[PDB]
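Data file: protein-v3.txt. Format and content: compact mmCIF, C-alpha atoms and all ligand atoms.
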# COMPACT_ATOMS: atom_id res chain seq x y z
CA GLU A 1 109.73 99.84 114.61
CA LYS A 2 106.59 97.72 115.14
CA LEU A 3 104.74 100.49 113.18
CA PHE A 4 105.82 98.84 109.94
CA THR A 5 104.96 95.25 110.87
CA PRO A 6 101.84 93.29 109.81
CA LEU A 7 98.70 92.98 111.91
CA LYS A 8 95.71 90.72 111.56
CA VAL A 9 92.60 92.88 111.74
CA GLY A 10 89.67 90.49 111.72
CA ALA A 11 89.26 89.13 108.19
CA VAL A 12 92.28 90.98 106.78
CA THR A 13 95.91 91.49 107.34
CA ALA A 14 97.37 94.96 107.51
CA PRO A 15 101.00 95.05 106.40
CA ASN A 16 101.77 97.90 108.81
CA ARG A 17 100.16 99.71 111.79
CA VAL A 18 99.94 103.11 110.19
CA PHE A 19 96.25 103.46 109.63
CA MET A 20 94.47 106.22 108.01
CA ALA A 21 92.02 107.70 110.48
CA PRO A 22 88.43 108.23 109.36
CA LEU A 23 88.50 111.75 107.98
CA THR A 24 85.44 113.60 107.05
CA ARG A 25 86.51 115.68 103.98
CA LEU A 26 83.06 116.62 102.78
CA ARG A 27 83.80 116.16 99.08
CA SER A 28 80.98 113.77 98.05
CA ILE A 29 78.54 114.55 95.35
CA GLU A 30 75.24 116.03 96.32
CA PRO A 31 72.49 115.07 95.54
CA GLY A 32 72.93 111.46 96.37
CA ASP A 33 75.84 111.80 98.82
CA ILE A 34 77.95 109.91 96.34
CA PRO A 35 81.66 109.02 96.54
CA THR A 36 83.62 110.47 93.58
CA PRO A 37 86.51 109.32 91.38
CA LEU A 38 88.39 112.15 93.10
CA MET A 39 87.81 110.44 96.45
CA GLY A 40 88.77 107.15 94.76
CA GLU A 41 92.10 108.80 93.83
CA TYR A 42 92.65 110.26 97.30
CA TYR A 43 92.08 106.80 98.81
CA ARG A 44 94.23 105.09 96.12
CA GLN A 45 97.09 107.54 96.82
CA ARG A 46 96.81 106.44 100.41
CA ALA A 47 96.51 102.74 99.63
CA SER A 48 99.85 101.96 101.38
CA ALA A 49 98.18 102.65 104.79
CA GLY A 50 98.02 99.47 106.82
CA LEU A 51 94.34 100.10 106.80
CA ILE A 52 92.30 102.89 105.35
CA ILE A 53 89.29 103.79 107.49
CA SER A 54 87.03 105.88 105.33
CA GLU A 55 85.41 109.13 106.19
CA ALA A 56 82.32 108.64 108.23
CA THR A 57 79.63 107.32 105.85
CA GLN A 58 75.86 107.45 106.43
CA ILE A 59 74.04 104.18 107.13
CA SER A 60 70.90 105.84 105.90
CA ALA A 61 69.71 109.19 104.72
CA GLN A 62 68.46 109.94 108.24
CA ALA A 63 72.06 109.38 109.46
CA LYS A 64 73.23 112.45 107.49
CA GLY A 65 74.44 115.43 109.53
CA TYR A 66 77.03 116.97 107.17
CA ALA A 67 76.80 118.26 103.64
CA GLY A 68 79.30 116.39 101.42
CA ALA A 69 79.56 113.32 103.67
CA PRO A 70 79.01 110.07 101.65
CA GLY A 71 76.34 107.38 102.30
CA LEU A 72 76.35 103.64 101.95
CA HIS A 73 72.63 103.03 101.66
CA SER A 74 71.70 103.63 97.97
CA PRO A 75 72.63 101.60 94.83
CA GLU A 76 74.64 104.57 93.46
CA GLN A 77 76.65 104.93 96.62
CA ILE A 78 77.38 101.19 96.57
CA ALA A 79 78.44 101.38 92.86
CA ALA A 80 80.69 104.44 93.49
CA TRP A 81 82.20 102.89 96.61
CA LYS A 82 82.86 99.66 94.65
CA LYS A 83 85.19 101.60 92.33
CA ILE A 84 86.92 103.25 95.24
CA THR A 85 87.47 99.95 97.02
CA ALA A 86 88.59 98.37 93.69
CA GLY A 87 91.13 101.17 93.31
CA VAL A 88 92.51 100.64 96.83
CA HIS A 89 92.64 96.90 96.12
CA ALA A 90 94.33 97.48 92.75
CA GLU A 91 97.10 99.02 94.85
CA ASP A 92 96.99 96.14 97.24
CA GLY A 93 95.33 98.33 99.87
CA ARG A 94 92.70 97.54 102.49
CA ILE A 95 89.74 99.80 103.32
CA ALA A 96 87.20 99.85 106.13
CA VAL A 97 84.06 101.94 105.82
CA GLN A 98 83.21 103.96 108.90
CA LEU A 99 79.44 103.89 109.30
CA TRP A 100 77.60 106.50 111.30
CA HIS A 101 74.44 108.10 112.24
CA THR A 102 75.15 111.72 113.26
CA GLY A 103 72.07 111.91 115.57
CA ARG A 104 71.77 115.43 116.92
CA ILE A 105 74.97 116.70 115.25
CA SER A 106 72.97 117.47 112.24
CA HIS A 107 70.74 120.05 110.85
CA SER A 108 67.13 119.76 109.79
CA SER A 109 68.04 121.08 106.32
CA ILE A 110 69.83 117.88 105.36
CA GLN A 111 67.44 115.49 107.17
CA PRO A 112 64.74 113.53 105.27
CA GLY A 113 61.68 115.84 105.20
CA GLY A 114 63.70 118.78 106.60
CA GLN A 115 62.73 117.34 109.97
CA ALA A 116 64.61 117.58 113.26
CA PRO A 117 67.53 115.06 113.49
CA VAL A 118 67.03 112.28 115.99
CA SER A 119 68.81 111.50 119.15
CA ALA A 120 68.39 109.72 122.53
CA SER A 121 66.77 112.78 123.93
CA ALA A 122 65.51 116.11 122.78
CA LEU A 123 68.61 118.10 123.67
CA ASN A 124 70.62 120.40 121.43
CA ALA A 125 74.20 119.43 120.69
CA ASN A 126 75.10 123.12 121.13
CA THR A 127 77.63 122.86 118.35
CA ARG A 128 77.96 123.43 114.64
CA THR A 129 77.78 121.15 111.71
CA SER A 130 79.04 121.73 108.20
CA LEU A 131 76.60 122.38 105.47
CA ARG A 132 77.25 123.66 101.99
CA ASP A 133 76.28 127.09 100.74
CA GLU A 134 74.66 127.55 97.33
CA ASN A 135 78.13 127.55 95.71
CA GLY A 136 78.91 124.09 97.17
CA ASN A 137 81.34 125.50 99.70
CA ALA A 138 81.53 124.34 103.29
CA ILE A 139 79.89 126.55 105.94
CA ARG A 140 79.44 126.02 109.71
CA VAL A 141 75.84 126.03 111.00
CA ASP A 142 74.42 125.62 114.49
CA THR A 143 72.99 122.13 115.06
CA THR A 144 69.25 121.58 115.19
CA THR A 145 67.61 120.49 118.44
CA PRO A 146 66.84 116.81 117.97
CA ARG A 147 63.78 114.69 118.48
CA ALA A 148 63.95 111.90 121.08
CA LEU A 149 63.68 108.58 119.24
CA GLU A 150 60.55 106.61 120.07
CA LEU A 151 61.05 103.20 121.55
CA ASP A 152 59.51 101.67 118.44
CA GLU A 153 61.97 103.51 116.16
CA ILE A 154 64.98 101.82 117.71
CA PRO A 155 64.81 98.50 115.73
CA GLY A 156 64.87 100.52 112.49
CA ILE A 157 68.12 102.21 113.54
CA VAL A 158 69.59 98.80 114.26
CA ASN A 159 68.36 97.54 110.92
CA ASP A 160 69.93 100.55 109.12
CA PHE A 161 73.23 99.62 110.61
CA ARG A 162 72.66 95.99 109.57
CA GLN A 163 71.71 96.97 106.04
CA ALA A 164 74.65 99.35 105.62
CA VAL A 165 76.98 96.56 106.64
CA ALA A 166 75.38 94.22 104.01
CA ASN A 167 75.95 97.08 101.54
CA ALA A 168 79.58 97.52 102.68
CA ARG A 169 80.14 93.81 101.96
CA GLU A 170 78.72 94.12 98.46
CA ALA A 171 80.79 97.33 97.86
CA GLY A 172 84.04 95.42 98.46
CA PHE A 173 85.04 96.95 101.78
CA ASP A 174 87.26 94.75 103.80
CA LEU A 175 85.80 95.81 107.22
CA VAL A 176 83.30 98.22 108.68
CA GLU A 177 83.79 100.59 111.56
CA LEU A 178 80.74 101.50 113.65
CA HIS A 179 80.96 105.17 114.63
CA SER A 180 80.08 105.02 118.30
CA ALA A 181 82.24 108.02 119.14
CA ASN A 182 82.76 111.77 119.00
CA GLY A 183 79.32 112.89 119.98
CA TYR A 184 77.42 111.06 117.19
CA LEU A 185 74.23 108.94 117.49
CA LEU A 186 75.64 105.89 119.22
CA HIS A 187 77.68 108.15 121.48
CA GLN A 188 74.58 110.23 122.26
CA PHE A 189 72.89 107.15 123.61
CA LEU A 190 75.97 106.19 125.56
CA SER A 191 76.45 109.43 127.37
CA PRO A 192 74.22 110.41 130.34
CA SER A 193 74.66 114.07 129.45
CA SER A 194 72.96 113.51 126.08
CA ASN A 195 70.80 110.58 127.07
CA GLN A 196 67.99 111.40 129.54
CA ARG A 197 65.68 108.54 128.53
CA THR A 198 63.63 106.71 131.18
CA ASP A 199 62.84 103.61 129.11
CA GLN A 200 65.22 100.70 128.63
CA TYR A 201 67.58 102.81 126.45
CA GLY A 202 68.36 105.31 129.19
CA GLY A 203 69.31 105.66 132.84
CA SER A 204 71.62 102.80 133.75
CA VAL A 205 74.86 102.17 131.72
CA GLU A 206 73.32 98.92 130.55
CA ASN A 207 70.43 100.80 129.08
CA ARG A 208 72.72 103.48 127.51
CA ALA A 209 74.84 100.80 125.88
CA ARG A 210 71.78 98.81 124.77
CA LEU A 211 71.50 100.41 121.30
CA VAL A 212 75.16 100.16 120.38
CA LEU A 213 75.26 96.48 121.43
CA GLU A 214 72.11 95.67 119.43
CA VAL A 215 73.84 97.37 116.54
CA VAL A 216 76.96 95.32 117.07
CA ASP A 217 74.92 92.09 117.32
CA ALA A 218 72.91 92.80 114.20
CA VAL A 219 75.97 93.63 112.11
CA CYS A 220 77.92 90.59 113.32
CA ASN A 221 74.93 88.47 112.45
CA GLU A 222 74.63 90.13 109.07
CA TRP A 223 78.18 89.69 107.90
CA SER A 224 80.64 88.32 110.39
CA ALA A 225 82.13 89.54 113.64
CA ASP A 226 85.62 89.52 112.13
CA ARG A 227 84.46 92.22 109.66
CA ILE A 228 83.26 94.60 112.35
CA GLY A 229 85.20 97.27 114.18
CA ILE A 230 83.86 100.05 116.33
CA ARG A 231 85.03 103.55 117.20
CA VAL A 232 84.39 104.84 120.76
CA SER A 233 85.41 108.13 122.55
CA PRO A 234 84.34 107.03 126.03
CA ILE A 235 86.69 109.14 128.11
CA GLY A 236 86.67 112.96 127.97
CA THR A 237 84.45 115.40 126.15
CA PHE A 238 83.86 115.43 122.40
CA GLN A 239 81.85 118.15 120.73
CA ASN A 240 80.03 118.84 124.04
CA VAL A 241 79.30 115.18 124.76
CA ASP A 242 80.94 114.29 128.04
CA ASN A 243 80.97 110.69 129.15
CA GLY A 244 79.23 111.30 132.46
CA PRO A 245 80.52 111.16 136.06
CA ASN A 246 81.32 107.44 135.81
CA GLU A 247 83.05 107.63 132.42
CA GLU A 248 85.72 105.05 133.22
CA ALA A 249 83.38 102.41 134.71
CA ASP A 250 80.88 102.89 131.91
CA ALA A 251 83.58 102.53 129.19
CA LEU A 252 84.79 99.32 130.71
CA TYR A 253 81.25 97.96 130.84
CA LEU A 254 80.86 98.82 127.19
CA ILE A 255 84.21 97.36 126.25
CA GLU A 256 83.51 94.04 128.06
CA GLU A 257 80.19 93.83 126.27
CA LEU A 258 81.88 94.44 122.89
CA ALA A 259 84.47 91.80 123.73
CA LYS A 260 81.73 89.08 123.89
CA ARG A 261 80.94 89.67 120.26
CA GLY A 262 84.50 88.78 119.07
CA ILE A 263 84.59 91.85 116.80
CA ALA A 264 87.62 92.73 114.68
CA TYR A 265 88.61 95.87 116.52
CA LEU A 266 88.13 98.68 118.93
CA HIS A 267 89.16 102.07 117.72
CA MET A 268 89.59 104.77 120.42
CA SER A 269 89.25 108.42 119.61
CA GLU A 270 91.15 109.56 122.71
CA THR A 271 90.69 113.30 122.54
CA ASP A 272 88.92 116.02 120.58
CA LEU A 273 91.16 118.12 118.28
CA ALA A 274 91.02 120.80 121.07
CA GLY A 275 92.67 118.25 123.35
CA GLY A 276 91.74 116.80 126.72
CA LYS A 277 93.41 114.75 129.44
CA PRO A 278 95.41 111.93 127.94
CA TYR A 279 94.45 108.32 128.61
CA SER A 280 96.33 106.95 131.58
CA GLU A 281 98.24 103.76 130.88
CA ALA A 282 96.14 102.31 133.73
CA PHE A 283 92.96 102.87 131.71
CA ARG A 284 94.71 101.60 128.63
CA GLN A 285 95.46 98.42 130.56
CA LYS A 286 91.92 98.04 131.75
CA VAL A 287 90.74 98.38 128.15
CA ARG A 288 93.27 95.91 126.89
CA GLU A 289 92.18 93.29 129.49
CA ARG A 290 88.55 93.57 128.45
CA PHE A 291 89.00 93.51 124.70
CA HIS A 292 90.65 90.73 122.64
CA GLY A 293 90.77 92.21 119.19
CA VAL A 294 92.74 95.01 117.57
CA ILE A 295 92.89 98.26 119.43
CA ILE A 296 93.62 101.36 117.37
CA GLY A 297 94.46 104.59 119.14
CA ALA A 298 93.99 108.03 117.66
CA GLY A 299 94.30 111.68 118.61
CA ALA A 300 97.35 113.86 117.95
CA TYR A 301 99.63 110.81 117.78
CA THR A 302 103.18 111.21 116.62
CA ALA A 303 104.99 108.23 115.12
CA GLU A 304 106.97 108.28 118.32
CA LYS A 305 103.92 108.04 120.62
CA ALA A 306 102.44 105.26 118.39
CA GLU A 307 105.68 103.27 118.56
CA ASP A 308 105.69 103.92 122.27
CA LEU A 309 102.18 102.62 122.94
CA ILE A 310 102.30 99.76 120.39
CA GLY A 311 105.68 98.79 121.80
CA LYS A 312 104.11 98.88 125.25
CA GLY A 313 101.45 96.31 124.14
CA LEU A 314 98.58 98.71 124.89
CA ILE A 315 97.33 99.36 121.34
CA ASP A 316 97.91 97.54 118.05
CA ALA A 317 97.83 100.37 115.58
CA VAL A 318 97.56 104.10 115.28
CA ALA A 319 95.13 106.02 113.16
CA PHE A 320 96.67 109.29 111.94
CA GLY A 321 94.23 111.85 110.78
CA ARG A 322 95.85 115.11 109.76
CA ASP A 323 99.21 113.65 108.81
CA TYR A 324 97.40 111.32 106.37
CA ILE A 325 95.52 114.24 104.98
CA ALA A 326 98.89 115.90 104.20
CA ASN A 327 100.95 112.77 103.34
CA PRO A 328 99.55 110.15 100.96
CA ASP A 329 102.73 108.16 101.42
CA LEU A 330 102.79 108.75 105.18
CA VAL A 331 103.87 105.12 105.63
CA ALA A 332 107.02 105.59 103.48
CA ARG A 333 107.66 108.96 105.07
CA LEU A 334 107.40 107.69 108.60
CA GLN A 335 109.39 104.69 107.55
CA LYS A 336 112.22 106.80 106.03
CA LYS A 337 111.84 109.53 108.65
CA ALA A 338 111.23 111.94 105.84
CA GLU A 339 109.91 115.44 106.45
CA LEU A 340 106.15 115.67 106.08
CA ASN A 341 104.21 117.94 103.80
CA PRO A 342 102.90 120.99 105.65
CA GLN A 343 99.25 120.69 106.47
CA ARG A 344 96.83 123.12 104.89
CA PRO A 345 93.90 122.96 107.37
CA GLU A 346 91.87 125.44 105.36
CA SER A 347 91.23 122.75 102.78
CA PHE A 348 90.38 119.91 105.21
CA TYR A 349 86.63 120.23 104.58
CA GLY A 350 85.00 120.59 101.21
CA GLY A 351 86.58 122.04 98.07
CA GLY A 352 88.14 119.78 95.45
CA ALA A 353 91.55 118.35 94.52
CA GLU A 354 93.51 121.15 96.19
CA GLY A 355 94.50 120.16 99.71
CA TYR A 356 93.08 116.69 98.91
CA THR A 357 94.98 114.88 96.17
CA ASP A 358 97.79 117.47 95.57
CA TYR A 359 99.84 116.58 98.62
CA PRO A 360 102.88 114.99 96.97
CA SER A 361 104.46 111.62 97.62
CA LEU A 362 108.19 111.54 98.23
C1 LIG B 401 89.40 117.04 109.02
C2 LIG B 401 88.96 116.11 110.11
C3 LIG B 401 87.95 115.19 109.82
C4 LIG B 401 87.61 114.17 110.69
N1 LIG B 401 86.58 113.30 110.37
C5 LIG B 401 86.30 112.21 111.19
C6 LIG B 401 85.29 111.25 110.91
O1 LIG B 401 84.98 110.98 109.76
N2 LIG B 401 85.07 110.21 111.80
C7 LIG B 401 85.82 110.08 112.97
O2 LIG B 401 85.61 109.16 113.79
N3 LIG B 401 86.80 111.02 113.24
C8 LIG B 401 87.06 112.07 112.36
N4 LIG B 401 88.09 112.94 112.67
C9 LIG B 401 88.98 112.65 113.84
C10 LIG B 401 90.08 111.76 113.24
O3 LIG B 401 89.60 110.48 112.84
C11 LIG B 401 91.21 111.49 114.19
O4 LIG B 401 90.78 110.79 115.34
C12 LIG B 401 92.04 112.71 114.53
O5 LIG B 401 92.13 113.59 113.42
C13 LIG B 401 93.36 112.04 114.85
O6 LIG B 401 94.16 113.08 115.30
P1 LIG B 401 95.31 113.61 114.35
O7 LIG B 401 94.75 114.43 113.22
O8 LIG B 401 96.10 114.48 115.27
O9 LIG B 401 96.13 112.43 113.91
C14 LIG B 401 88.37 114.00 111.83
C15 LIG B 401 89.43 114.87 112.14
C16 LIG B 401 89.74 115.92 111.26
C17 LIG B 401 91.02 116.69 111.49
Take the structure in this file and express it as structure tokens.
Ligand SMILES: Cc1cc2nc3c(=O)[nH]c(=O)nc-3n(C[C@H](O)[C@H](O)[C@H](O)COP(=O)(O)O)c2cc1C
Amino acid sequence: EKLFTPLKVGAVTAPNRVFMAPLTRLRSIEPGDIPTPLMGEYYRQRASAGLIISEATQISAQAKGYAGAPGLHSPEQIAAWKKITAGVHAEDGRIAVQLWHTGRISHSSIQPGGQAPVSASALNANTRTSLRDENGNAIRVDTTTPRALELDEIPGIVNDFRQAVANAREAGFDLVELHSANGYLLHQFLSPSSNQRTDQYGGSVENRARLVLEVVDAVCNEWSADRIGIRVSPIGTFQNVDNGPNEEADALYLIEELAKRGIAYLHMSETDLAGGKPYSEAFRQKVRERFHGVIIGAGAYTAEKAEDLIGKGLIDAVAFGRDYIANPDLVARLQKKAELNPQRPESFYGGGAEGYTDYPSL
């Protein structure tokens, strides 16, 4: 059981490999997109995780694509997050903030100015996002067709990432995780199916990776490389974003580029919740040879598959999403091979304490 053994993740040391996956729960205060003491308690309950990766958190207001998702750009968000990180720390936890821009998985109604969300190109995501109705309840809404970012707008995106990482530092997060996966902004640049640009941010894989690597460089400069992790979903299809006809070659390009930055970790979202073809161990090996930091795998993992792959030297840690939702003490439960609380998927998004902080510990 390597699952319950320590792991150096950049600037911190996880005491086990059972990580809490970033889990959008859509419980933040609006207006302001502000983390709550309730979220503080949910994270504190889960403070035994080897590492908590927070719900995806906006780098900027423009980054917002979901109602109830928190930001890390405003003083009030920073103040609220400070309490939440202090709570995790009070329990001897560690927490990374996952930082995103949702790009075209967004809706004009929650964009600054009610304007179209931005992306690499002006192509609809053809999916839904989650807004809130007038009662504050989660509802699914078709995504708004995005605007193609202008060349001159790119440095601002980079700077939003850089600023959010400076904010994360101040807020007491131990690490940050760049959300370059699952069909979101960075992923929309990466993918040829969502990126049809003909400037230096589109076409070739080098151009498609350009933004994410600029982002990585700016955030490493801002804080420190050993504070920076990144989530990718470079193989398969995620909320309609395929990785193109050269997905494997392009991933490996991207991974080798990330490697040069000496970043804390590479987190792989391997499949959508609807599933997809598993990663081949061959691919896993190719990833592992290109990247020299922590590799976290995620996507319908069982303790048994995590042990398997960590034991096989292919990944360092596993991020559990839905089991962590349902089991605050997942670490102790996996450790003791205890039964797990039943999941209540109906309360994954939005709502309050119920299905959030009422899953019991052993
Ligand atoms: C309720 C829900 C919310 C999610 N929110 C995020 C998100 O914030 N950022 C992200 O990268 N992945 C998100 N994911 C995907 C998870 O991080 C994770 O990769 C997936 O849930 C792991 O699979 P598992 O639930 O079978 O363990 C979410 C998944 C679910 C079920």
- Task: Compare A:70, A:245, A:262, A:172 by their minimum atom-to-atom distance to ligand LIG 401 (chain B), counting all atoms listed in the file, and give me the closest one.
- Result: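 Among the listed residues, the smallest separation from ligand LIG 401 (chain B) belongs to A:70.
Among the candidates A:57, A:77, A:36, A:361, the residue lying nearest to ligand LIG 401 (chain B) is A:57 (atoms considered: all atoms listed in the file).
When only C-alpha atoms are used to measure the gap to residue 240 of chain A, the shortest distance among A:97, A:88, A:3, A:105 belongs to A:105.
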- Please extract the residues at most 9 Å from ligand LIG 401 (chain B), counting all atoms listed in the file, and provide them as a PyMOL selection string, using the chain letters and residue numbers of this document. chain A and resi 20-26+53-57+69+98-100+179-182+231-233+267-273+297-302+318-325+345+347-349
- Pick out the closest residue to residue 317 of chain A from this set: A:178, A:51, A:215, A:29. Count all atoms listed in the file.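 Nearest to residue 317 of chain A: A:51.
The shortest atom-to-atom distance to residue 95 of chain A, with all atoms listed in the file taken into account, belongs to A:48 out of A:62, A:335, A:48, A:193.
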With all atoms of segment 256-268 of chain A from the file as input, state the centre and edge lengths in Å to one decimal of the axis-aligned box that has 3 Å extra on each side, as JSON.
{"center_x": 84.9, "center_y": 96.8, "center_z": 121.4, "size_x": 15.4, "size_y": 22.0, "size_z": 19.4}
- For atom CA of residue 259 of chain A and atom CA of residue 156 of chain A, the interatomic separation in Å (one decimal):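 Between these atoms lies a distance of 24.2 Å.
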- Query: If you measure from atom CA of residue 266 of chain A to atom CA of residue 16 of chain A, what distance in Å do you get, rounded to one decimal?
  - Reply: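 Calculated distance between atom CA of residue 266 of chain A and atom CA of residue 16 of chain A is 17.0 Å.
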If I only want segment 314-329 of chain A, can you write it with N, CA, C and O atoms, as a PDB file, in the first residue's frame?
ATOM      1  N   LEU A 314       4.132   4.393 -12.725  1.00  0.00           N
ATOM      2  CA  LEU A 314       3.591   5.171 -13.841  1.00  0.00           C
ATOM      3  C   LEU A 314       2.984   6.526 -13.425  1.00  0.00           C
ATOM      4  O   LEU A 314       3.033   7.528 -14.188  1.00  0.00           O
ATOM      5  N   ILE A 315       2.413   6.544 -12.226  1.00  0.00           N
ATOM      6  CA  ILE A 315       1.841   7.758 -11.647  1.00  0.00           C
ATOM      7  C   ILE A 315       2.258   7.773 -10.176  1.00  0.00           C
ATOM      8  O   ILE A 315       2.660   6.727  -9.622  1.00  0.00           O
ATOM      9  N   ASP A 316       2.175   8.942  -9.553  1.00  0.00           N
ATOM     10  CA  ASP A 316       2.615   9.119  -8.176  1.00  0.00           C
ATOM     11  C   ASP A 316       1.458   9.137  -7.206  1.00  0.00           C
ATOM     12  O   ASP A 316       1.600   8.809  -6.022  1.00  0.00           O
ATOM     13  N   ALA A 317       0.300   9.541  -7.703  1.00  0.00           N
ATOM     14  CA  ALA A 317      -0.835   9.772  -6.826  1.00  0.00           C
ATOM     15  C   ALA A 317      -2.077   9.687  -7.652  1.00  0.00           C
ATOM     16  O   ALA A 317      -2.028   9.764  -8.909  1.00  0.00           O
ATOM     17  N   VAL A 318      -3.191   9.482  -6.957  1.00  0.00           N
ATOM     18  CA  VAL A 318      -4.483   9.424  -7.599  1.00  0.00           C
ATOM     19  C   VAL A 318      -5.383  10.492  -7.005  1.00  0.00           C
ATOM     20  O   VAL A 318      -5.471  10.676  -5.765  1.00  0.00           O
ATOM     21  N   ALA A 319      -6.054  11.207  -7.916  1.00  0.00           N
ATOM     22  CA  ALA A 319      -7.084  12.131  -7.479  1.00  0.00           C
ATOM     23  C   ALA A 319      -8.427  11.454  -7.620  1.00  0.00           C
ATOM     24  O   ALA A 319      -8.799  11.006  -8.711  1.00  0.00           O
ATOM     25  N   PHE A 320      -9.121  11.301  -6.488  1.00  0.00           N
ATOM     26  CA  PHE A 320     -10.487  10.732  -6.477  1.00  0.00           C
ATOM     27  C   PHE A 320     -11.458  11.848  -6.411  1.00  0.00           C
ATOM     28  O   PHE A 320     -11.316  12.732  -5.593  1.00  0.00           O
ATOM     29  N   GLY A 321     -12.441  11.827  -7.294  1.00  0.00           N
ATOM     30  CA  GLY A 321     -13.392  12.885  -7.325  1.00  0.00           C
ATOM     31  C   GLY A 321     -14.554  12.446  -6.457  1.00  0.00           C
ATOM     32  O   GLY A 321     -14.677  12.843  -5.274  1.00  0.00           O
ATOM     33  N   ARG A 322     -15.410  11.635  -7.046  1.00  0.00           N
ATOM     34  CA  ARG A 322     -16.721  11.315  -6.444  1.00  0.00           C
ATOM     35  C   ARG A 322     -16.620  10.562  -5.110  1.00  0.00           C
ATOM     36  O   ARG A 322     -17.427  10.780  -4.178  1.00  0.00           O
ATOM     37  N   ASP A 323     -15.602   9.737  -4.951  1.00  0.00           N
ATOM     38  CA  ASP A 323     -15.441   9.117  -3.637  1.00  0.00           C
ATOM     39  C   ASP A 323     -15.105  10.105  -2.526  1.00  0.00           C
ATOM     40  O   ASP A 323     -15.432   9.867  -1.356  1.00  0.00           O
ATOM     41  N   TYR A 324     -14.367  11.171  -2.871  1.00  0.00           N
ATOM     42  CA  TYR A 324     -14.055  12.254  -1.938  1.00  0.00           C
ATOM     43  C   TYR A 324     -15.236  13.115  -1.656  1.00  0.00           C
ATOM     44  O   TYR A 324     -15.358  13.669  -0.541  1.00  0.00           O
ATOM     45  N   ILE A 325     -16.087  13.296  -2.666  1.00  0.00           N
ATOM     46  CA  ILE A 325     -17.349  13.962  -2.402  1.00  0.00           C
ATOM     47  C   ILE A 325     -18.068  13.198  -1.248  1.00  0.00           C
ATOM     48  O   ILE A 325     -18.525  13.818  -0.250  1.00  0.00           O
ATOM     49  N   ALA A 326     -18.177  11.872  -1.390  1.00  0.00           N
ATOM     50  CA  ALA A 326     -18.997  11.077  -0.480  1.00  0.00           C
ATOM     51  C   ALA A 326     -18.290  10.626   0.830  1.00  0.00           C
ATOM     52  O   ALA A 326     -18.925  10.131   1.780  1.00  0.00           O
ATOM     53  N   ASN A 327     -16.980  10.790   0.884  1.00  0.00           N
ATOM     54  CA  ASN A 327     -16.167  10.290   2.002  1.00  0.00           C
ATOM     55  C   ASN A 327     -15.136  11.310   2.458  1.00  0.00           C
ATOM     56  O   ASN A 327     -14.052  11.395   1.880  1.00  0.00           O
ATOM     57  N   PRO A 328     -15.464  12.103   3.490  1.00  0.00           N
ATOM     58  CA  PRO A 328     -14.458  13.100   3.924  1.00  0.00           C
ATOM     59  C   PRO A 328     -13.194  12.402   4.392  1.00  0.00           C
ATOM     60  O   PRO A 328     -12.068  12.843   4.080  1.00  0.00           O
ATOM     61  N   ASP A 329     -13.368  11.302   5.116  1.00  0.00           N
ATOM     62  CA  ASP A 329     -12.259  10.514   5.587  1.00  0.00           C
ATOM     63  C   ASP A 329     -11.885   9.392   4.635  1.00  0.00           C
ATOM     64  O   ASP A 329     -11.504   8.295   5.082  1.00  0.00           O
TER      65      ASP A 329
END
